[PDB]
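By convention in this document, chain letters (A, B, ...) are assigned in the order of the sequence lines, proteins followed by strands, and residues within each chain are numbered from 1.
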Amino acid sequence: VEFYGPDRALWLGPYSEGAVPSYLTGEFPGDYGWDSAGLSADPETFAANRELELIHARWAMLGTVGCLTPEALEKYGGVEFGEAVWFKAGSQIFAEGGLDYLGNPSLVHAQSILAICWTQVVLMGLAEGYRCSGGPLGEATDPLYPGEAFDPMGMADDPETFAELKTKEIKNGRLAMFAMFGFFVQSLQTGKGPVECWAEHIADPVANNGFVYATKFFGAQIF
Amino acid sequence: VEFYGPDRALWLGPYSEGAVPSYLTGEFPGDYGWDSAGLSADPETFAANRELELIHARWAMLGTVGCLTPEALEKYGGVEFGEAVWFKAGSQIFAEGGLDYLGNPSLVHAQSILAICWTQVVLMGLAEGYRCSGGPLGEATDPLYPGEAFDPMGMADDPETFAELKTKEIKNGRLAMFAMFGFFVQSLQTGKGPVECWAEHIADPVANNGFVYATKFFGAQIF
Amino acid sequence: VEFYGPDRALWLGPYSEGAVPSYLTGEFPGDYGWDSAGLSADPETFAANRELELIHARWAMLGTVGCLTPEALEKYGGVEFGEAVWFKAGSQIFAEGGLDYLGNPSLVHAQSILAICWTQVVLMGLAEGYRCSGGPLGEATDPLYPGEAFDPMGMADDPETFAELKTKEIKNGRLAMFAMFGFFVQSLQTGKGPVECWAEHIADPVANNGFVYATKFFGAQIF
Ligand code: CHL
Ligand code: CHL
Ligand code: CHL
Ligand SMILES: CC(=C/C=C/C(C)=C/C=C/C=C(C)/C=C/C=C(\C)C=C=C1C(C)(C)C[C@H](O)C[C@@]1(C)O)/C=C/[C@@]12O[C@]1(C)C[C@@H](O)CC2(C)C
Ligand SMILES: CC1=C[C@H](O)CC(C)(C)[C@H]1/C=C/C(C)=C/C=C/C(C)=C/C=C/C=C(C)/C=C/C=C(\CO)C(=O)CC1=C(C)C[C@@H](O)CC1(C)C
Ligand SMILES: CC1=C[C@H](O)CC(C)(C)[C@H]1/C=C/C(C)=C/C=C/C(C)=C/C=C/C=C(C)/C=C/C=C(\CO)C(=O)CC1=C(C)C[C@@H](O)CC1(C)C
Ligand SMILES: CC1=C[C@H](O)CC(C)(C)[C@H]1/C=C/C(C)=C/C=C/C(C)=C/C=C/C=C(C)/C=C/C=C(\CO)C(=O)CC1=C(C)C[C@@H](O)CC1(C)C
Ligand SMILES: CC1=C[C@H](O)CC(C)(C)[C@H]1/C=C/C(C)=C/C=C/C(C)=C/C=C/C=C(C)/C=C/C=C(\CO)C(=O)CC1=C(C)C[C@@H](O)CC1(C)C
Ligand SMILES: CC1=C[C@H](O)CC(C)(C)[C@H]1/C=C/C(C)=C/C=C/C(C)=C/C=C/C=C(C)/C=C/C=C(\CO)C(=O)CC1=C(C)C[C@@H](O)CC1(C)C
Ligand SMILES: CC1=C[C@H](O)CC(C)(C)[C@H]1/C=C/C(C)=C/C=C/C(C)=C/C=C/C=C(C)/C=C/C=C(\CO)C(=O)CC1=C(C)C[C@@H](O)CC1(C)C
């Protein structure tokens, strides 16, 4: 009634009349009528874009927590990681002693980047092949909402709550994608992790805003 | 007869027979039949691309004058700006004494970048909402040519002259967009403003061409 | 039977059922059913994309040989080029003595970058105009397979062998495009030519892999 149908919520709010393409009829989750570039005029291209958006969104929602958790644990929990900041976490594998999980030498204790890379290649290749075509966990009936084995708690057994939860999922996913783009740009510009940036903004908001580093083009002092 | 219809002017000149997509029938302004990438084969995507092109073009036409005027005034008019070149003009707000207009400390005299940014956010948000949906100045009857309040002098009251003026507008806009891409690349490469670059090419054209800085990839001396 | 039709080869192999768009019916060469982004849903956009892919592929097939040949000749043949590595070959024109072909001062012996650039502009403009619309060498009956003057040996006179050779061409071209992207990224990251990189990987594969330079973002040590 508010996120589906003709009377739904739109991206420009009260100024959305005429900013909504005719092919965005509020049928799919997250339909705020924002296709100003006309990249989803074709229904098949629209479906491909929806799948890409939802997959990017779920990956970004995992990534926000994965980038905040080690740095937050180091700053406020006392855990001594090798590199808590997310953009330096990969370089842990080259450090002496390897990549210890939670800073504990008896956990994971990875030492070879090649083994990690190729194990991930194999596992993720199988996983994405199953995503596209089905596998051990079931058949890919829906490209985005397979359910069954991926809804063990049965939170989507009811169609209206299913639609509401799809709206919530796509909205939190778009927020997390926005936050991950923010993480990328903040790492490029400030050179410090998101937790450090947040702790600095709340300390002196006026003097520690984003325009302090505005003279750099994504970290490059060109001028 | 020359910029509309089947006998119009095409992008490859005499070698255009067979390089013109069938959906570019010379109906809309600036139709030189250049869609080699097939990005406007969908009519709705074509309309979205036309709107994007015209808005980008009008912004670039404003930008050409906006980037040339302060630097030209400083170089040949004697006006003492804080930062005349366009790519350093933003940094004036961080300088001591703020951002004075025309170098006069009694004009504008901006001192806070947050105030500028958020005032612009509010004003431009309202302005673009009006562009999409209409507002105080009228109704968005046409996404690109609203007329009425935006044609006060009535220069588009004649359909033939209206089409000719639309062709002139789109051509000057494409030229301005090309020039602004040039401004961006020249700022990245040479590191000096467009007026300085122009004054240098006209001094020693052979020795001060664009290949002097060809060893830098958009300013970065990678190799 | 294996690269055309319904029983052809697919991009995800055994996990391709449901990963193939309905509009990729295995009619055109190189149809592995990989359009996950839905950029070729429109048939006209599909044709434009096929033309772009084949042209990029032929250019990359030329480019791989053109980038490997001078460096390989310098390393294993003894030819003394001014700059054997492909990403520095352009800067030979600025060196003292100009650009000598094969290092011989009696071959080409180019001295002006402007003459090279503008001669190439004229010649390539005429050549691409002919490609689009036909010219001295024939008429552009097909955008990608004109034949006639461009098949002098008559290797495409049999439709079955013609289809097989089209598949071979598109596959070798896609491999060459992949390799040219590899050349770009390796030049950005390592800073040395592809032949040097290959000679280093085969010397100490474990210690001279691609993760040694993983801390740099396309050559920039941002962190
Ligand atoms: C009534 C006014 C209203 C306005 C003006 C907007 C406007 C917007 N909404 Mg929106 N909304 C509004 C009401 C509402 N919205 C929403 C729900 C949503 C959603 C869910 C989303 C939006 C999004 C957007 C944005 C999409 C367009 C865009 O990206 O422009 C921005 C383009 C610009 C050019 C602005 C730049 C201005 C700024 C000063 C730039 C400064 C640049 C740097 C200083 C220098 C540049 C650096 C260079 C060198 C690289 C836009 C800001 C989307 C979004 O947030 O995407 C980002 C989005 O997902 N809205 C609701 C609830 C129903 C509203 C209720 O009233
Ligand atoms: C008869 C020959 C004729 C030819 C060959 C062209 C060709 C062109 N016209 Mg055109 N026109 C011609 C006659 C006419 N035109 C027009 C009206 C127009 C218009 C309005 C427009 C064109 C545009 C174009 C360009 C579009 C394609 C392109 O972008 O290629 C360029 C692609 C290349 C790969 C060329 C690069 C060659 C160069 C040597 C590159 C060197 C690279 C660097 C040195 C190194 C690379 C750096 C790396 C590291 C990043 C192209 C140059 C469009 C344009 O200007 O866009 C740019 C455009 O808007 N034409 C008219 C009037 C009716 C003609 C009349 O006869
Ligand atoms: C059975 C398993 C099987 C799997 C899983 C694949 C999977 C793939 N095939 Mg494929 N194939 C498979 C069987 C077969 N293929 C083919 C014939 C082909 C062809 C002709 C082609 C493919 C291509 C592809 C790739 C296209 C999707 C992609 O780009 O993902 C990759 C996306 C990722 C996100 C993977 C990244 C993982 C990696 C660990 C990333 C590491 C990141 C860095 C370390 C850090 C990031 C840097 C940052 C900072 C920028 C993909 C790897 C295409 C290709 O090669 O494109 C590249 C292609 O042209 N296949 C045949 C013959 C019929 C098969 C037979 O069984
Ligand atoms: C990528 C590439 C492109 C070459 C393009 C050429 C040659 C274009 C010619 C382009 C040629 C062009 C346009 C010719 C045009 C000729 C004309 C119009 C002839 C004619 C006439 C007229 C005048 C009487 C007029 C009448 O009305 C019609 C006609 C027909 O009678 C080359 C790559 C390499 O050369 C390097 C750089 C280095 C090497 O080591 C390796 C290789 C690979 C060889
Ligand atoms: C709508 C619309 C309409 C118009 O008409 C046209 C239009 C404007 C174009 C269009 C709009 C479209 C828009 C806005 C596009 C925006 C896209 C964005 C921002 C996408 C963002 C994606 C971000 C992702 C996936 C992040 C993943 C992170 C990971 C991986 O999971 C890790 O963190 C993994 C990780 C972790 C967890 C710990 C670290 O230490 C190490 C690493 C590996 C980094
Ligand atoms: C209306 C409404 C009603 C509902 O009831 C609820 C609701 C929906 C919530 C609500 C809606 C809310 C709406 C629409 C509000 C819109 C907000 C907007 C547009 C604000 C945007 C602000 C823009 C900013 C600060 C950009 C600053 C750039 C910096 C600083 O860091 C750079 O340095 C730039 C820079 C430079 C110079 C160098 C580059 O290399 C890197 C970068 C970072 C890009
Ligand atoms: C046709 C076609 C067919 C094929 O099939 C596929 C295809 C090839 C893709 C396709 C072709 C498409 C092509 C060629 C694309 C080209 C796009 C280009 C160059 C767009 C350029 C746009 C540039 C703009 C808006 C400039 C704005 C500047 C401003 C803002 O107004 C200021 O200056 C503002 C300003 C001023 C005034 C003072 C300064 O101090 C500070 C700042 C803030 C910078
Ligand atoms: C026919 C006709 C008839 C009508 O009656 C009237 C008409 C329509 C007018 C007329 C039509 C006219 C036509 C078609 C002409 C076409 C003109 C063309 C294609 C000219 C192109 C010239 C290309 C140039 C100079 C590029 C140089 C690159 C540099 C130098 O600066 C870099 O350093 C490269 C570089 C490097 C190496 C590092 C990167 O990081 C940055 C960059 C800058 C990219
Ligand atoms: C399929 C698909 C489905 C999804 O749904 C969406 C999707 C994922 C997007 C989509 C996938 C598409 C993909 C993977 C895109 C990839 C594109 C790539 C890698 C294109 C690469 C092209 C590279 C080229 C032309 C190289 C030419 C080199 C030259 C010039 O000939 C020289 O070397 C010239 C040269 C030589 C020879 C000597 C040197 O000294 C000097 C220079 C001038 C450099
Ligand atoms: C199944 C099958 C059956 C048929 O019968 C035959 C068949 C078809 C052949 C066969 C099919 C084969 C298949 C599917 C295999 C698939 C293989 C894959 C996915 C390989 C992936 C490996 C990924 C790698 C190494 C990435 C490493 C990144 C580096 C290292 O250099 C960076 O430093 C990353 C980096 C960083 C950190 C900074 C950036 O600035 C620059 C870069 C380089 C991006």
Side-chain angles (χ1 to χ4, degrees), chain A residues 27-30 39-40 42-63 66 115-147 149-157 159 162-163 165-166 169-170 173-174 176-177, chain C residues 1-43 45-46 49-50 53 163 167 170-171 174-175 177-178 181:
Chain A
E27 178 190 358
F28 305 104
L39 299 178
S40 298
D42 200 305
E44 294 178 351
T45 307
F46 188 22
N49 283 335
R50 290 194 311 269
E51 189 173 353
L52 285 160
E53 181 183 49
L54 194 47
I55 300 301
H56 265 74
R58 294 174 178 173
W59 276 107
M61 291 196 305
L62 291 178
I116 295 169
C117 179
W118 288 109
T119 303
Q120 171 185 344
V121 172
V122 173
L123 294 186
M124 293 307 299
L126 293 183
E128 304 268 294
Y130 302 151
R131 181 161 59 81
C132 291
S133 301
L137 292 186
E139 302 178 355
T141 61
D142 197 297
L144 294 174
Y145 315 98
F150 286 88
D151 190 52
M153 295 178 68
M155 295 178 68
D157 302 320
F162 189 19
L165 286 171
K166 287 160 79 173
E169 178 178 54
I170 192 56
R174 289 166 177 177
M177 283 186 289
Chain C
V1 67
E2 198 172 341
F3 297 101
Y4 293 94
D7 313 293
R8 67 191 186 276
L10 278 300
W11 63 295
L12 286 185
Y15 311 116
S16 305
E17 181 66 26
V20 193
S22 65
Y23 50 87
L24 299 187
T25 62
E27 178 190 358
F28 304 103
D31 197 322
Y32 281 87
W34 180 23
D35 197 5
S36 59
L39 300 178
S40 298
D42 185 75
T45 308
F46 188 23
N49 283 334
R50 290 194 313 268
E53 181 181 52
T167 296
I170 191 56
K171 289 175 73 175
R174 287 169 181 176
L175 176 61
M177 291 191 283
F178 198 83
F181 188 76

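In terms of the salt bridge (charged side-chain N to carboxylate O under 4.0 Å, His left out) criterion, residue partners of C:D31 (sequence neighbours excluded) are, by chain and number, C:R8. Applying the salt bridge (charged side-chain N to carboxylate O under 4.0 Å, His left out) rule to A:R50 yields no partners; only residues at least two apart in sequence or on another chain are considered.
Of all heavy-atom pairs spanning A:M61 and A:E169, the tightest one is SD-O, 4.2 Å. Counting all heavy atoms, side chain and backbone alike, C:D35 lies closest to C:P21 at CB-CG, 3.7 Å. Residues C:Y32 and C:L10 come closest through the heavy atom pair O-CD1, 3.1 Å. The two residues A:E44 and C:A41 have their closest heavy-atom pair at OE1-CB, 3.9 Å. When all heavy atoms are compared, the tightest approach of C:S22 to C:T25 is O-CG2, 3.5 Å. Closest heavy-atom contact between A:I55 and A:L144: CD1-CD2, 4.0 Å.
Atom-to-atom distance recorded for C:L39:CG and A:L39:CG is 9.5 Å, nearest 0.5 angstrom. In this structure, CZ in A:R174 is found 4.5 Å from CD1 in A:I170, a value given to the nearest 0.5 Å. Atom CZ of residue A:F46 and atom OG of residue A:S40 lie 5.5 Å apart, to the nearest 0.5 angstrom.
No donor-acceptor pair closer than 3.5 Å links the side chain of A:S133 to the backbone N or O of C:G18. C:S16 contributes a side-chain N or O that, together with a main-chain N or O of C:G13, makes up a donor-acceptor pair within less than 3.5 Å.
Within 6.0 Å of the CH2 atom in A:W59, the count of heavy atoms belonging to other residues, nucleotides or ligands does not exceed 12.
For the pair A:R58/A:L54, a side-chain contact is recorded, criterion being any heavy-atom separation below 4.5 Å from C-beta on.
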Kindly indicate, with the supporting measurements, whether the criterion side chain to side chain contact (heavy atoms under 4.5 Å, CB included) is fulfilled by A:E128 and C:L12.
CA-CA 9 Å; A:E128 304 268 294; C:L12 286 185; over 6 Å; no
Candidate pair C:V1 and C:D7, rule side chain to side chain contact (heavy atoms under 4.5 Å, CB included), full reasoning
CA-CA 7 Å; C:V1 67; C:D7 313 293; over 6 Å; no
From CA spacing to verdict: side chain to side chain contact (heavy atoms under 4.5 Å, CB included), A:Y145, A:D151:
CA-CA 9 Å; A:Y145 315 98; A:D151 190 52; over 6 Å; no
With side chain to side chain contact (heavy atoms under 4.5 Å, CB included) as the criterion, how do C:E17 and A:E139 come out once you've worked through the C-alpha distance, each side chain's angles and the decisive distance to 0.1 Å?
CA-CA 11 Å; C:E17 181 66 26; A:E139 302 178 355; over 6 Å; no
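Aromatic ring pairs are classed by plane angle as parallel below 30°, tilted from 30° to 60° and perpendicular above 60°; the pair C:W11 and C:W34 is parallel.
Counting only N and O atoms by type, the side chains of C:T167 and C:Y4 include a donor and acceptor under 3.5 Å apart.
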